[PDB]
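Have a look at start.pdb below; it lists PDB, C-alpha atoms and all ligand atoms.
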```pdb
ATOM      1  CA  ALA A   1      28.530  10.298   3.728
ATOM      2  CA  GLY A   2      31.646   8.152   3.444
ATOM      3  CA  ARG A   3      31.911   6.734   6.947
ATOM      4  CA  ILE A   4      28.201   5.890   7.081
ATOM      5  CA  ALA A   5      28.446   3.930   3.813
ATOM      6  CA  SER A   6      31.240   1.841   5.329
ATOM      7  CA  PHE A   7      29.135   1.413   8.475
ATOM      8  CA  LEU A   8      26.236   0.215   6.310
ATOM      9  CA  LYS A   9      28.470  -2.271   4.492
ATOM     10  CA  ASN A  10      29.883  -3.579   7.780
ATOM     11  CA  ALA A  11      26.386  -3.964   9.245
ATOM     12  CA  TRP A  12      25.248  -5.847   6.140
ATOM     13  CA  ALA A  13      28.307  -8.097   6.508
ATOM     14  CA  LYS A  14      27.857  -8.744  10.249
ATOM     15  CA  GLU A  15      24.184  -8.238  11.216
ATOM     16  CA  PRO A  16      21.963  -8.651   8.136
ATOM     17  CA  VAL A  17      18.954  -9.434  10.356
ATOM     18  CA  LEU A  18      19.184  -6.064  12.098
ATOM     19  CA  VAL A  19      19.688  -4.241   8.785
ATOM     20  CA  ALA A  20      16.548  -5.844   7.358
ATOM     21  CA  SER A  21      14.567  -5.162  10.537
ATOM     22  CA  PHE A  22      15.532  -1.485  10.653
ATOM     23  CA  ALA A  23      14.837  -0.997   6.938
ATOM     24  CA  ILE A  24      11.396  -2.615   7.232
ATOM     25  CA  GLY A  25      10.568  -0.576  10.329
ATOM     26  CA  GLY A  26      11.596   2.695   8.706
ATOM     27  CA  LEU A  27       9.605   1.937   5.564
ATOM     28  CA  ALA A  28       6.542   1.086   7.652
ATOM     29  CA  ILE A  29       6.999   4.306   9.625
ATOM     30  CA  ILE A  30       7.359   6.710   6.714
ATOM     31  CA  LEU A  31       5.389   5.203   3.792
ATOM     32  CA  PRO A  32       1.812   5.639   5.170
ATOM     33  CA  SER A  33       2.227   9.427   5.273
ATOM     34  CA  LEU A  34       3.178   9.472   1.564
ATOM     35  CA  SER A  35       0.373   7.262   0.271
ATOM     36  CA  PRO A  36      -2.717   8.605  -1.536
ATOM     37  CA  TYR A  37      -4.928   5.662  -0.491
ATOM     38  CA  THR A  38      -4.788   6.370   3.259
ATOM     39  CA  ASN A  39      -7.707   8.776   2.876
ATOM     40  CA  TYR A  40      -9.367   6.112   0.727
ATOM     41  CA  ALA A  41      -9.113   3.695   3.654
ATOM     42  CA  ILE A  42     -10.573   6.353   5.956
ATOM     43  CA  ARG A  43     -13.486   6.884   3.561
ATOM     44  CA  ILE A  44     -14.104   3.133   3.280
ATOM     45  CA  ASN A  45     -14.167   2.904   7.078
ATOM     46  CA  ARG A  46     -16.608   5.828   7.231
ATOM     47  CA  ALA A  47     -18.878   4.198   4.622
ATOM     48  CA  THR A  48     -19.583   1.010   6.608
ATOM     49  CA  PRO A  49     -23.144   1.324   8.074
ATOM     50  CA  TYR A  50     -22.925  -0.495  11.400
ATOM     51  CA  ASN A  51     -26.046   1.091  12.918
ATOM     52  CA  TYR A  52     -29.416   2.242  11.649
ATOM     53  CA  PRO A  53     -29.614   5.747  10.102
ATOM     54  CA  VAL A  54     -32.319   7.568  12.051
ATOM     55  CA  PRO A  55     -34.258   9.836   9.658
ATOM     56  CA  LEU A  56     -34.685  13.557  10.240
ATOM     57  CA  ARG A  57     -37.999  15.343  10.695
ATOM     58  CA  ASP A  58     -39.006  17.385   7.654
ATOM     59  CA  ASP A  59     -39.156  21.061   8.591
ATOM     60  CA  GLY A  60     -39.393  22.023   4.910
ATOM     61  CA  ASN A  61     -35.938  23.640   4.747
ATOM     62  CA  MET A  62     -33.536  20.775   3.928
ATOM     63  CA  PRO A  63     -33.042  20.523   0.140
ATOM     64  CA  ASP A  64     -29.829  18.520   0.689
ATOM     65  CA  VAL A  65     -31.490  15.560   2.465
ATOM     66  CA  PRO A  66     -33.205  12.930   0.278
ATOM     67  CA  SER A  67     -36.833  12.002   0.849
ATOM     68  CA  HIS A  68     -36.165   8.465  -0.451
ATOM     69  CA  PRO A  69     -33.027   6.278  -0.587
ATOM     70  CA  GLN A  70     -33.014   6.320  -4.406
ATOM     71  CA  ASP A  71     -33.239  10.118  -4.717
ATOM     72  CA  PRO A  72     -30.210  11.918  -6.220
ATOM     73  CA  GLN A  73     -29.462  13.764  -2.963
ATOM     74  CA  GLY A  74     -27.224  12.467  -0.202
ATOM     75  CA  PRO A  75     -23.773  10.887  -0.364
ATOM     76  CA  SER A  76     -22.643   8.502  -3.076
ATOM     77  CA  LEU A  77     -20.623   5.285  -3.078
ATOM     78  CA  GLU A  78     -19.891   5.348  -6.822
ATOM     79  CA  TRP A  79     -16.225   6.009  -6.043
ATOM     80  CA  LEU A  80     -16.066   2.659  -4.217
ATOM     81  CA  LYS A  81     -17.308   0.502  -7.107
ATOM     82  CA  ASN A  82     -14.402   1.811  -9.225
ATOM     83  CA  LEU A  83     -11.836   0.659  -6.647
TER
ATOM     84  CA  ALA B   1      55.876 -77.184  -9.907
ATOM     85  CA  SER B   2      53.799 -74.529 -11.657
ATOM     86  CA  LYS B   3      54.396 -70.792 -11.398
ATOM     87  CA  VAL B   4      53.982 -68.975  -8.098
ATOM     88  CA  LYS B   5      50.410 -67.703  -7.744
ATOM     89  CA  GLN B   6      49.830 -64.969  -5.163
ATOM     90  CA  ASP B   7      47.328 -62.202  -4.603
ATOM     91  CA  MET B   8      48.886 -59.313  -6.461
ATOM     92  CA  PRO B   9      48.017 -56.061  -8.206
ATOM     93  CA  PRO B  10      47.179 -56.325 -11.946
ATOM     94  CA  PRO B  11      49.648 -55.685 -14.809
ATOM     95  CA  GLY B  12      50.553 -52.033 -15.019
ATOM     96  CA  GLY B  13      48.448 -50.547 -12.230
ATOM     97  CA  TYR B  14      45.083 -50.112 -10.512
ATOM     98  CA  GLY B  15      42.994 -47.102 -11.512
ATOM     99  CA  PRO B  16      43.492 -43.815  -9.642
ATOM    100  CA  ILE B  17      41.364 -43.377  -6.528
ATOM    101  CA  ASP B  18      39.763 -40.055  -5.647
ATOM    102  CA  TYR B  19      40.216 -38.637  -2.168
ATOM    103  CA  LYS B  20      39.821 -34.840  -2.296
ATOM    104  CA  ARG B  21      36.805 -32.946  -0.999
ATOM    105  CA  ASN B  22      34.075 -32.435  -3.616
ATOM    106  CA  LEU B  23      31.366 -29.904  -2.688
ATOM    107  CA  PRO B  24      30.003 -28.133  -5.791
ATOM    108  CA  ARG B  25      28.705 -24.575  -5.640
ATOM    109  CA  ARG B  26      25.180 -25.350  -6.889
ATOM    110  CA  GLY B  27      23.177 -22.219  -6.199
ATOM    111  CA  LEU B  28      21.783 -18.956  -7.483
ATOM    112  CA  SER B  29      23.107 -15.566  -6.438
ATOM    113  CA  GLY B  30      21.638 -13.681  -3.502
ATOM    114  CA  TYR B  31      20.296 -10.917  -5.742
ATOM    115  CA  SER B  32      18.119 -13.343  -7.705
ATOM    116  CA  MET B  33      16.602 -14.916  -4.583
ATOM    117  CA  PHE B  34      15.904 -11.535  -2.988
ATOM    118  CA  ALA B  35      14.306 -10.319  -6.231
ATOM    119  CA  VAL B  36      12.074 -13.399  -6.500
ATOM    120  CA  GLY B  37      10.971 -13.014  -2.883
ATOM    121  CA  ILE B  38      10.157  -9.326  -3.263
ATOM    122  CA  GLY B  39       8.245  -9.986  -6.487
ATOM    123  CA  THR B  40       6.187 -12.699  -4.806
ATOM    124  CA  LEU B  41       5.429 -10.322  -1.933
ATOM    125  CA  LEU B  42       4.293  -7.542  -4.274
ATOM    126  CA  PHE B  43       2.076  -9.877  -6.312
ATOM    127  CA  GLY B  44       0.469 -11.163  -3.121
ATOM    128  CA  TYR B  45      -0.056  -7.625  -1.826
ATOM    129  CA  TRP B  46      -1.858  -6.539  -4.994
ATOM    130  CA  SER B  47      -4.062  -9.644  -5.117
ATOM    131  CA  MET B  48      -4.962  -9.178  -1.444
ATOM    132  CA  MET B  49      -5.795  -5.523  -2.113
ATOM    133  CA  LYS B  50      -8.318  -6.452  -4.797
ATOM    134  CA  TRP B  51      -9.891  -9.224  -2.727
ATOM    135  CA  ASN B  52     -10.173  -7.110   0.430
ATOM    136  CA  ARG B  53     -11.858  -4.246  -1.430
ATOM    137  CA  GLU B  54     -14.365  -6.690  -2.917
ATOM    138  CA  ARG B  55     -15.019  -8.106   0.559
ATOM    139  CA  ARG B  56     -15.608  -4.604   1.942
ATOM    140  CA  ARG B  57     -18.215  -3.975  -0.753
ATOM    141  CA  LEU B  58     -19.911  -7.294   0.059
ATOM    142  CA  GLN B  59     -20.030  -6.412   3.760
ATOM    143  CA  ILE B  60     -21.603  -3.054   2.921
ATOM    144  CA  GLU B  61     -24.276  -4.855   0.886
ATOM    145  CA  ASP B  62     -25.119  -7.247   3.733
ATOM    146  CA  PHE B  63     -25.249  -4.375   6.233
ATOM    147  CA  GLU B  64     -27.674  -2.552   3.935
ATOM    148  CA  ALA B  65     -29.898  -5.636   3.819
ATOM    149  CA  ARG B  66     -29.927  -5.659   7.628
ATOM    150  CA  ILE B  67     -30.782  -1.943   7.670
ATOM    151  CA  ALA B  68     -33.689  -2.556   5.295
ATOM    152  CA  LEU B  69     -35.000  -5.376   7.496
ATOM    153  CA  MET B  70     -34.588  -3.622  10.865
ATOM    154  CA  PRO B  71     -37.892  -1.650  11.256
TER
HETATM  155  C1  LIG A 101      13.715   3.555  12.064
HETATM  156  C2  LIG A 101      12.566   2.676  12.556
HETATM  157  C3  LIG A 101      12.966   1.816  13.747
HETATM  158  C4  LIG A 101      11.922   0.751  14.070
HETATM  159  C5  LIG A 101      12.100  -0.491  13.205
HETATM  160  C6  LIG A 101      12.933  -1.561  13.904
HETATM  161  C7  LIG A 101      12.052  -2.572  14.638
HETATM  162  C8  LIG A 101      12.807  -3.305  15.743
HETATM  163  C9  LIG A 101      14.291  -3.459  15.425
HETATM  164  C10 LIG A 101      15.169  -3.093  16.620
HETATM  165  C11 LIG A 101      15.176  -4.176  17.694
HETATM  166  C12 LIG A 101      16.286  -3.971  18.723
HETATM  167  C13 LIG A 101      17.639  -3.655  18.084
HETATM  168  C14 LIG A 101      18.773  -4.465  18.717
HETATM  169  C15 LIG A 101      20.095  -3.696  18.793
HETATM  170  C16 LIG A 101      21.301  -4.629  18.950
HETATM  171  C17 LIG A 101      22.467  -3.944  19.669
HETATM  172  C18 LIG A 101      23.805  -4.686  19.527
HETATM  173  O1  LIG A 101      24.447  -4.931  20.487
HETATM  174  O2  LIG A 101      24.283  -5.051  18.261
HETATM  175  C19 LIG A 101      25.229  -6.088  18.249
HETATM  176  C20 LIG A 101      25.793  -6.213  16.839
HETATM  177  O3  LIG A 101      26.401  -4.997  16.504
HETATM  178  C21 LIG A 101      25.568  -4.100  15.824
HETATM  179  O4  LIG A 101      25.231  -3.090  16.343
HETATM  180  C22 LIG A 101      25.095  -4.415  14.404
HETATM  181  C23 LIG A 101      25.361  -3.259  13.439
HETATM  182  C24 LIG A 101      24.684  -1.964  13.897
HETATM  183  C25 LIG A 101      23.180  -2.140  14.109
HETATM  184  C26 LIG A 101      22.525  -2.862  12.929
HETATM  185  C27 LIG A 101      22.193  -1.913  11.778
HETATM  186  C28 LIG A 101      21.627  -0.584  12.276
HETATM  187  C29 LIG A 101      20.909   0.161  11.155
HETATM  188  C30 LIG A 101      21.566  -0.109   9.808
HETATM  189  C31 LIG A 101      20.599   0.079   8.647
HETATM  190  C32 LIG A 101      19.791   1.365   8.762
HETATM  191  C33 LIG A 101      18.586   1.355   7.832
HETATM  192  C34 LIG A 101      18.833   0.500   6.595
HETATM  193  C35 LIG A 101      19.276   1.320   5.389
HETATM  194  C36 LIG A 101      19.769   0.427   4.252
HETATM  195  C37 LIG A 101      20.783   1.128   3.348
HETATM  196  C38 LIG A 101      20.359   1.114   1.881
HETATM  197  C39 LIG A 101      24.570  -7.405  18.660
HETATM  198  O5  LIG A 101      25.491  -8.455  18.511
HETATM  199  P1  LIG A 101      25.929  -9.325  19.849
HETATM  200  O6  LIG A 101      24.766 -10.143  20.353
HETATM  201  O7  LIG A 101      26.382  -8.361  20.916
HETATM  202  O8  LIG A 101      27.167 -10.350  19.476
HETATM  203  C40 LIG A 101      27.866 -10.953  20.535
HETATM  204  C41 LIG A 101      28.632 -12.160  19.991
HETATM  205  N1  LIG A 101      29.986 -11.778  19.634
END
```
Re-express the file's structure as structure tokens.
Amino acid sequence: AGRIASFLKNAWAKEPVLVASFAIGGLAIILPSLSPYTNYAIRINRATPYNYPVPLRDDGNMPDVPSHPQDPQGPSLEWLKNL
Amino acid sequence: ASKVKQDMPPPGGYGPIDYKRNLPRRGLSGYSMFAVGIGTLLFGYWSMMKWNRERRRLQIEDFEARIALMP
């Protein structure tokens, strides 16, 4: 804890470029695991409709599937408009 | 038979002439420049975040228009 501080000071005095590079790399490595918006990015990626949604045949036993796009059932994007 | 006239230095003496190196300091500290750079980076990051989220919503809208028109 005392020799490494001196090593850090010497590196800052001799190779500032390497100090900055290593700090940036470590931050980029560890920050994404501690961020709450990573799952938000995943959800945004999952919400982009690249292909056509093929409808399902009504067997009369799917209350959770809407019968029209404007019905209350199905997923919602209201979380995205507040972002 | 007038007085001797010759090129000579003026009465008393010529003004002192500078010769030493003169390079003023003329700069801010490193801390200030690093702080300004990091602040600019953070401001840009936040502005880009807003704009990119808006662009994602716009892309979703256009994709939905295509989905409506596909059949
Ligand atoms: C943790 C994530 C890692 C990934 C991020 C980094 C991305 C890429 C960066 C690495 C690229 C390759 C590294 C190159 C290594 C150089 C080796 C070397 O020989 O170093 C000497 C210099 O000596 C040194 O090793 C420099 C000091 C030690 C390395 C630099 C710092 C290491 C890490 C220090 C900071 C750690 C994190 C920052 C914390 C900040 C503290 C608050 C080079 O000088 P010469 O060319 O030989 O000079 C010859 C002319 N006389």
Give me, as a Markdown table, each residue of chain A that comes within 7 Å of chain B, together with its shortest interatomic pair and the distance in Å at one decimal, counting all atoms listed in the file, with rows ordered by chain and rising residue number.
```
| residue | atom | partner | partner_atom | distance |
| --- | --- | --- | --- | --- |
| A:48 | CA | B:60 | CA | 5.8 |
| A:49 | CA | B:63 | CA | 6.3 |
| A:50 | CA | B:63 | CA | 6.9 |
| A:52 | CA | B:67 | CA | 5.9 |
```
- When the cut-off is 6 Å and you count all atoms listed in the file, which residues lie near ligand LIG 101 (chain A), shown as a PyMOL selection string? chain A and resi 8+11+15+18-19+21-23+25-26
- Note on the structure: atom CA of residue 65 of chain B to atom CA of residue 68 of chain A measures 16.0 Å
- Name the residues within 9 Å of (-37.0, 11.9, 7.1), counting all atoms listed in the file in the file's coordinates, and put them as an MDAnalysis selection string. chainID A and resid 54:58 65:68
Assuming 5 Å of padding per side, give the centre and edge lengths of the axis-aligned box around every listed atom of segment 13-31 of chain B, in Å to one decimal and as lines of an AutoDock Vina configuration file.
```
center_x = 34.4
center_y = -30.7
center_z = -6.6
size_x = 38.2
size_y = 49.6
size_z = 21.2
```
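For the atom pair formed by atom CA of residue 34 of chain A and atom CA of residue 33 of chain B, the distance is 28.5 Å, given to one decimal.
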- Could you jot down the atom CA of residue 45 of chain B to atom CA of residue 77 of chain A separation for me, Å, one decimal place? 24.3 Å
